[PDB]
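**Q** okay, structure incoming, though there's no sequence with it:
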């Protein structure tokens, strides 16, 4: 998803950007798979 809880981080490997949710402490390698 993309609520005001995710933060923009890029993942080193494939080169895609992913998001970091500091609220629930959830993070995911290149983009959110949900």
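**A** Sure thing, it's come through. Residues are numbered from 1 along each chain as shown.

**Q** skip the chain neighbours and tell me the closest residue to the residue nearest in space to the middle of the chain.
**A** Computing the C-alpha centroid of the chain and ranking residues by CA atoms, centre = their mean puts residue 19 first, at 1.6 Å. Distance criterion CB to CB, 6 or more residues apart in numbering; nearest residue to residue 19, sequence neighbours excluded, is residue 6 at 3.6 Å. C-beta here means a position set from N, CA and C on the backbone, and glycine is covered the same way.

**Q** my guess is the one you found contacts residue 20, does it?
**A** Yes - using CB atoms under 8 Å, residue 6 makes contact with residue 20 at a distance of 6.6 Å.

**Q** among the two, which residue is more densely surrounded?
**A** Shown here are residue 6 and residue 20; by other CB atoms under 10 Å, residue 6 has more neighbours (18 against 15).

**Q** from residue 12, how far off is that one?
**A** 18 Å (CB to CB, to the nearest Å).

**Q** direction included, what does whichever helix or strand the residue nearest to the centre of the chain is part of pair against?
**A** According to DSSP states H and E, residue 19 maps onto strand 17-21. When pairing is defined by DSSP bridges, strand 17-21 lines up against strand 6-10 (antiparallel), strand 26-27 (antiparallel).

**Q** ranking those strands by burial, who's on top?
**A** For those, the largest average neighbour count (mean count of other CB atoms under 10 Å) is found in strand 26-27, namely a mean of 14.
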